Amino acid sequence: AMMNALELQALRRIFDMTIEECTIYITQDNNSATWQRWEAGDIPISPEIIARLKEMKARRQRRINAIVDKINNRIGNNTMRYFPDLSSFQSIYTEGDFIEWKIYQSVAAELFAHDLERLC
């Protein structure tokens, strides 16, 4: 089944992004009007954007899998940085962009919620 309006809203929250940020980094056209129409279900989501979002979900899962793989393959105090803003993220990942930062943050928050990592 085609990605629907509710799932779009859910993804935005999973990645902790505002509609404005989605129009800047995902659709890359600053068109908030169209994005709101999508979340309102007035019109179907552009197939091209669905594909972009699905690749973000995939990147997120691979990131989580990679970290979890290292956790249960080792033992000890697992702690990871949590970056409130992009600049703090770039102090460590000097080549990281906004989307990379949001994916990282989403993963860090989930891992902490599952009691798998402490944040620093």
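For every residue, the number given is its place in the sequence shown, counted from 1.
- Here 21-29 and 100-108 are compared by their mean Cα B-factor, and 21-29 comes out higher.
- For the pair 79-87 and 65-73, the mean Cα B-factor is higher in 65-73.
- Remark: residue 54 belongs to the middle third of its chain, ranked by C-alpha B-factor as recorded.
- Sort the chain's modelled residues by C-alpha temperature factor and residue 119 lands in the middle third, per the entry.
- Ranked by Cα temperature factor within the chain, residue 2 sits in the highest third according to the deposited record.
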